[PDB]
Amino acid sequence: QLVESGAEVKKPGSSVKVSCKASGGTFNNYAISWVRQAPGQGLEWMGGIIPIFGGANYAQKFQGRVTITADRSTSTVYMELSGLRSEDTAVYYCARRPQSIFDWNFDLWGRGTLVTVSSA
Amino acid sequence: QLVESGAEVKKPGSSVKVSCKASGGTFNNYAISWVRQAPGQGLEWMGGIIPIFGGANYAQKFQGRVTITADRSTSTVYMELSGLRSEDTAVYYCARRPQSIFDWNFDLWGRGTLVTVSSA
Amino acid sequence: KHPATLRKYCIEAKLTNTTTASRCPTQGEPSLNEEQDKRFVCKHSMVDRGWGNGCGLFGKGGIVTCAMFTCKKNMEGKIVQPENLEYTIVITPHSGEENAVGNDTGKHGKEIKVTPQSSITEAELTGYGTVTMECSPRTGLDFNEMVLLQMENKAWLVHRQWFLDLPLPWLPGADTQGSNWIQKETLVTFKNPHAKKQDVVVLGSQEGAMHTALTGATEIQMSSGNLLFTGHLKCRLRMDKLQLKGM
Amino acid sequence: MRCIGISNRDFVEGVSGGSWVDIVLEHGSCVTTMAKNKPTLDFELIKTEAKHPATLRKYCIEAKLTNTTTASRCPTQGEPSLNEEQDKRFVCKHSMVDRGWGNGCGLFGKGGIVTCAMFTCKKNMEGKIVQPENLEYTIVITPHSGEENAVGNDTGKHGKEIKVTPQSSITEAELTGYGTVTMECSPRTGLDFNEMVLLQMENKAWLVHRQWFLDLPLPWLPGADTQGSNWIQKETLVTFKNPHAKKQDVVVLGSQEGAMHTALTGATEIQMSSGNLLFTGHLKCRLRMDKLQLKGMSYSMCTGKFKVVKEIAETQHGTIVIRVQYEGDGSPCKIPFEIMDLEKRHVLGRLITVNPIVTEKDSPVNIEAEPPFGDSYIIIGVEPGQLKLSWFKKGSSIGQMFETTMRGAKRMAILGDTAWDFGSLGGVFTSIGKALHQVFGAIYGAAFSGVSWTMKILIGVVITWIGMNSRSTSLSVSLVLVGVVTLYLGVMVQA
Amino acid sequence: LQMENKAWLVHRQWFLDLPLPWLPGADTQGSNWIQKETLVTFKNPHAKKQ
Amino acid sequence: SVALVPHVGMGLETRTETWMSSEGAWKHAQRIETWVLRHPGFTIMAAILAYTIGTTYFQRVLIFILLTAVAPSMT
Amino acid sequence: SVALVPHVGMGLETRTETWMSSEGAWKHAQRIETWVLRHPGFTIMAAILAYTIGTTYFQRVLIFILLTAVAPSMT
Amino acid sequence: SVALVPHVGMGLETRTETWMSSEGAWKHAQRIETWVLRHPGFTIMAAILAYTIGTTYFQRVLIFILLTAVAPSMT
Ligand SMILES: *[C@@H]1O[C@H](CO)[C@@H](O)[C@H](O)[C@H]1NC(C)=O
Ligand SMILES: *[C@@H]1O[C@H](CO)[C@@H](O)[C@H](O)[C@H]1NC(C)=O
C-alpha cells in the first residue's frame, strides 16, 4: 500500500526520482510525506503531498531543490531530488498521514528506497 | 474467379446447401446461375440470381424445391436443395453471366460440387 | 440496493449477413427468408428495373434489404425500490477534541444508517447522551420515477420517462437471449441514392451522443453497489436525551 | 439505348443553327438527345474523380485521457500553476475547492485548483480538400442504334467513354458509324469544389460545406501535423467535474462517430476508399452534333419478314421498346417501321431509335418509339409479311404537359439557374431568364441558407399570408408568388 | 383470385386492401404472414390472464 | 455537440439521396410531437401567452407555434 | 439523435452539479450566435417578417427572437 | 371482416352474371328493414333529430334516411 521504488545508484550532479505507489483510498483520503535518513544519522522530513489536491510542501532545507508530485491516473507519488551530492546518500521513506494540518500521524511507512551517491 | 463449396454426401429427404463465392466485381455486375448434371446426362439449369438485386429465378422442374440466395456481406451465392433423393445425385455448377434477360453466356464456371446420396 | 433492469439500450451495433431481394415491376413485394427473423433490420424500397437488369417489365421494382443487427455496447438502465434505499449520516458534536474533527470513520463522529425499515435511528454520542433521528427516506428522491442508467463504467440518475423515451434500439430488460432489439431502425441507415441499388450501414456509435443527451443529469456511482452522492434527506432531530459533555 | 430503364431519363430534341445543344448531365440521370437529321444518342455522367486531395483538418471523434495531475493553492494565495498548463497535449481546467484545517491549509475559504490530463486521439475524421482543376468527369456516349449490346446496359462494349477535365474541357468521341460528337463542357461552374470538403470518417465519406466543416465543435489538427499532440478544441471532448467543491475530475466524452453521423444528414455520401469518387452532381456540356451522321442512310428498305422476338414493353417515359428479328435477304437494310392508326391513314407516333437498320440477319434489333396517347398500331415490315402490332398508351396529353412542367420545376429546384442551360440552344429568352434566375437565386440563397425544410415551409406560409392580406395588388401578387415558390422548394428539398 | 376450386376476376386495389394475413407472392416459404392479427383474437376478459 | 449542427441548409443538394435524408426529414417533427405529448403543461401556457401577446389570430397562432417549436429546441 | 433530447427540465436537480452543466449552460446560445453570424441573410428576412407581422414592438421583437432561435433548432 | 368490403363498385361488371348479384341486390335493404323493426326507438329519435335539424322537408327526409341507413351499418 506504500510500495517504493527499488534502490538506485546515482552520481553527483544528477537527480534521482523515487516513487510511492498508493492505494485508491490512501491517495484520496490521506496525505503522503517523504522522510530521508542518511546512514548513521537521524530522521529528516523533506516534504509532503495531499494527492487529491496536489499542492506539495517542503522542508526549509530542501526547498528549491526537491519536487514532490502525484499522478491521479496512477495513484502514485513521486519524489524528485536534484543536485545529488555525497550527503544525499540515504534511505527515503514515503509515510502516510491524515490530511489535517495538525495530524502528523505516520501510521503507514514505505519500505525505504536506499539512494547511493557515488561514482562507483 | 468462382470458387464452389466442397462435395457433400447427403441422404434421401434431406437438404444440401451449396455455396459459390465470387469476387466483388462479378458479384455486383453479373448474375449467377445454378446448373446440375446427373452423371451420364446433360446439363440442367435450375435457376439463377442477380446478387445485387436478389429475387432468384427457378426452373419449373425445381420450383418449390430449390432456394438460391446471395450473401452480399460475404459476396457469396448460396443454393439449397430440399427433399433430396437418388435422382437428385449430380454435380452442381455455379456459372457467371451478364445480368441481362437476353444474354445467357456463362463465360466463367465454378469447378462444380457433387452431391451423392450413397457412401464414399 | 437490489436493482432491477428496466431496459437495455444499444449504443453501438454491427451489421452482418446483408441480403437483398427484388420483385419485377407490378409483381408486388419481394421476400427474403430473413424477414422472418427479428435479428434482421429490413427495409423495402423501389428500384428502377428493365431489360438491362433482368425484368421483362420497365417500371419501379420492389427491393428489400435485410441485415443481421447485433449489439456491441449497451446502456443498461436499472430501477430500485424505495425500500432498498440506505442512507448514511455522520453526527459530529462540536467539541474541541479534534480526533474526529476531520475524520470520516467513527471516533467522535458517529455514523448512522437510515433505511425505510426503521423510522427511528439512535446514535449514542459518548459524553453527550443519545441523539434520536426520525428521517423520511421515502419522501426524498422519488426512486419510483428514476432510473440508474449505467453506460460503460459511468452512471446517471435520470428521469424514468425521459429514459423510456430514448430513441435507440432496446431490449425489455426481462430479455435473456439479448437479440430481439426493438428500435433497430434508429441505429441503422438504408441508402438508395439513385434508385438503382439499396444498401445498409450500421450508423456509428452513440456513446458520445448519449453523453450529450445526459446533460442535466447527475452522475452517480454504479460500478460497485449503486452509490448516490446527490439529493437530500429530511430528518427530525430529537435532542431530548442530549446533554453537554463538560457540564 | 442506355437511358432505357432509368427513371430520370430526359429527352432533348433539336439543336441550334450551329448544330449544338446545351445539356446538363447529372449522375443519376440519363439524357437522350434528338435532332432532325442526327442519330439519337444517350449521355450518362458515370463518374467524377477528385484527384490529389490535400487534408486541411483532422477532427478527433474519440479520445482518451491519461497522466491526470492536480495542483491547488490554499485560499487567498491566487490560482495554482501546473507545468502541463503550457503543454499543448494536455487539457486543463481551473476551479475552486473548499479548504480548511482538515484539508491541510490553515485558512478557510475557496482555494483555487487546476487539474490537467493528457489528451490523446484514438479515431479522427480527415477532411481532405481537392483543387478544382483536379476533378475528372467520365461521360459515356452510347448511340441509340438498336444493336442488342446497348439496351439499357451499364457496360462499355458499344458506349464510348470520354474523360472531361477543367484543363481539357473540349473533347470529341468517335462513335463508330455515326461520325464524332464534340463535348464542350464547363466543369469549373459545376460544383465549386473550392468551398467544399471531402470528409472521410472510418470507411464512409461525405461531401460537405467547408464552412460547416471548419465550424465543427470537435477538436482538430491543421492537417500538416504528423504527430497529433497539438489538438485545438480539446475542451469539446472532455468534461471537468467538481461536484460540490471537494474534488475536480476530468473525463473524456465517448466516441463521437454517431453524433457525427447525425450531423452529416443532408450531406451527400461519397466514396473515398480507392480514390475520391463522387457519384453526385452535374456537368453542363455543350453538345456539337455537326460531324454526326446517321449510320446506313444509304440503305434500301428491307423488303422481308420481321419477327417480334420480345413483346413490346412500355417504359416509364411514355415510349415503347420492341425487339424484332429479321429473316429476309438484304442483310444491311433500313427497317420499315411506322406507328399509324388502324386504317394506316395517319402517322401518329415517332420512333426514337432513329433509322433502325438490320446489320445482320439473325441479330435482333430492338427499336424504341414514342406512340401516341390512346390507340396506335406499330407496323413493321412491308406488305408481303408485314406485322401490325396494337398498342395502347394510358396517359393523356394534358397529364403529359403537367408532368413536363413538374419536371421543369424540379430541375429548377435542383440546378437553380443551371436549369436554364438544359436543352438550351441560345435564344434571348433563355439568356434573360437565366440572368433573372441568377439574381433571384442569389437573393434567395442569401435569405434561406442554413434553414431546414420545415422552416422553409413555415416561411412560405407566412409570406403567402402576408401577400394575401395585402392591400396593394402588385406587392400582394409578388409576395404570394414568392411564398408559393418557397413552399414548393421546401416540399422538394431534402433539408 | 382463386380460393378453393373457384376463381374470380377482381379489382387489383380491392384485392390489395383485403384485411387478411398475406404473403408477398414471391415468398416460397409460406410462413411469414404479414397481418396475422386480422385472423386471431387475444382475450383478456378480466385483466387476469391473456 | 456536432449532432446539433447537421449540415442541412448548406445548398449543396443534388438529385441524389442525402445521408439519412428520409429519417432527418421528420425526426424534428417527431421530437416536437413527443415533447408536446410529454409536457402538456407548457403547451397550455404557450397558448395562453400567444393569445395574450397576439391581437390577430394569425400572429397568435404564429407565436404559439414558434414558442412550442423552440421550447424543446432550446433544451 | 439522442443528443437532441437532453435531460434538461426534468425536475431532478439537486445542489450537486450535473453532468455537463458548465459546458451545456451556454452551448445553445453560442450555437444560435454562430448560426446568426453565418447566415445574416435569414436574420434580416426574419427581422423584416417580424416587423411586418407584429403591430407592437413587443410582438415584433418576440417574433424575431423566436424565429432566430427556431431556425437553427429545426435545422 | 372481408365481408364488410364487398367487390361492388369496382366498375368491372360485364353482361355476365356476377357472383351473388341477385342474392346480394336486396340484402342491404332487408337488413336495414329488419334492424328498423327490431329497434323502433332509434328510428323515432332519428325522425325527431331530422325534423329538428332539417329546415325543409327535403333536408329532414334526407337526414332521416341517412341516419336510419347508417345506424345499422356502423354496427
Ligand atoms: C450469417 O452468415 C454466416 C457466415 O458469415 C453464417 O455462418 C451464419 O449461419 C449466418 N446467419 C444467419 C442468421 O444468416
Ligand atoms: C505519463 O505517465 C507515464 C506513466 O503512466 C509516464 O511514463 C510518462 O512519462 C508521462 N508523460 C507525461 C507526464 O507527459
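As a convention, residue numbering begins from 1 on each chain and follows the written sequence, not necessarily the numbering found in the entry; residues with no coordinates do not appear. Chain letters start at A and ligand numbers start at 1, both assigned in the order the entries are written. Remember that the shown chains come from a larger assembly, so read each value as a statement about the shown part. As a convention, hydrogens and water are excluded, and side-chain values are obtained from all of the structure's heavy atoms.

Method of structure determination, per the deposited record: cryo-EM was used for this entry, reaching 2.8 Å resolution.

Q: Looking at this structure, how should I read the site of ligand 2?
A: All names here are of chain D. One heavy atom within 4 Å of a molecule or strand is enough for the residue carrying it to be called near that molecule or strand. Taken together, the neighbourhood of ligand 2 is formed by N67, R89, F90 and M118. Under the rule applied, a polar contact is a pair of N or O atoms within 3.5 Å (in protein, one hydrogen donor and one hydrogen acceptor; residues adjacent in sequence only if both atoms are side-chain atoms). A distance of 2.3 Å separates an oxygen atom of ligand 2 from a polar side-chain atom of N67. Note that an oxygen atom of ligand 2 is positioned 3.3 Å from one of the side-chain N or O atoms of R89. Here the shell around ligand 2 is composed, by residue class, of two nonpolar, one polar and one charged. Under the convention adopted here, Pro, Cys and the residues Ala, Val, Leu, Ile, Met, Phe, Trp and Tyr are nonpolar, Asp, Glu, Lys and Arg are charged, and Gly plus all remaining residues are polar.

Q: Explain the relation of the copies chain G and chain F here, please?
A: One copy of the chain maps onto the other through a rotation about an axis plus a displacement along that axis. All copies sit on top of one another after a least-squares fit of their C-alpha atoms. Rotating chain G by 180° about the axis while translating it 0.0 Å along that axis superimposes it on chain F, leaving an RMSD of 0.3 Å. Look at the turn and shift together and you get a two-fold axis relating the two. Residue by residue, 96% of the interface of chain G is reproduced at the interface of chain F, so both copies engage with the same surface. We call two residues in contact whenever any of their non-hydrogen atoms come within 4.5 Å of each other.

Q: How should the interface of chain F and chain D be read in this particular structure?
A: Quoted interface sizes are often the accessible area lost when the parts come together. Across the contact, 24 residues belong to chain F and 41 residues belong to chain D. For the pair chain F and chain D, the summed buried area comes to about 3,100 Å², and 65% of that belongs to carbon and sulfur atoms. Put simply, buried area is how much 1.4 Å-probe accessible surface two parts lose in total, over both of them, once they are put together. The largest share of the area that chain F buries against chain D comes from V2, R15 and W19 of chain F, three residues that together contribute 30% of it. The term salt bridge refers to a side-chain nitrogen of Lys or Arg lying within 4 Å of a carboxyl oxygen of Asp or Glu. Counting across the chain F and chain D interface gives one salt bridge. The salt bridge partner of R15 of chain F is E26 of chain D, with a shortest N-O separation of 3.9 Å. Across the contact surface, chain F and chain D share eleven residue pairs in polar contact. Class assignment of the residues belonging to the side of chain F that touches chain D gives a composition of 14 nonpolar, seven polar and three charged.

Q: Even after reading the chapter, I still don't get the state of the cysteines, so can you show me in this structure?
A: One covalent bond between the sulfur atoms of two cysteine residues makes up a disulfide. All names here are of chain C. In plain terms, two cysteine sulfur atoms within 2.5 Å form what is called a disulfide here. Across all of its chains, the model carries twelve disulfides over all chains by this definition. Linked covalently through their sulfurs, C24 and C55 form a disulfide whose S-S length is 2.0 Å. The sign of the S-S torsion, about -95°, decides the handedness of the disulfide formed by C24 and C55: left-handed. One end of the pair, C24, is in the loop between β1 (4-23) and β2 (40-48); the other, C55, is in the loop between β2 and β3 (60-79), and 31 residues separate them in sequence. Overall, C55 belongs to the buried group, its relative accessible area being 0%. Strands are runs of DSSP state E lasting at least 2 residues, helices are runs of H or I lasting at least 4, and numbering of each runs from the N terminus. Each residue's exposure class comes from its accessible area (1.4 Å probe, protein chains only) as a fraction of the maximum for that residue type: buried when under 20%, exposed when over 50%, partly exposed otherwise.

Q: Looking at this structure, how should I read unusual backbone geometry?
A: Note: most residues except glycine have negative phi, and most peptide bonds are trans. Despite not being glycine, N17 of chain C shows a phi value in the positive range, around 55°. Mapped onto the elements of the fold, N17 of chain C is located in strand β1. Among the residues examined, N17 of chain C registers a relative accessible area of 35% and is labelled partly exposed. Here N67 of chain D, not a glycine, exhibits a phi torsion of approximately 50°, which is positive. If you trace the backbone, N67 of chain D turns up in strand β5 (residues 54-72).

Q: So what exactly am I meant to see when it comes to the arrangement of the chains here?
A: Ranked by contact count, the leading pair among the twelve pairs of chains in contact consists of chains D and F. Contact between chain A and chain F is absent, and the least distance between their C-alpha atoms amounts to 27 Å. Chain C shows no contact with chain H. Their nearest C-alpha atoms sit 20 Å apart.

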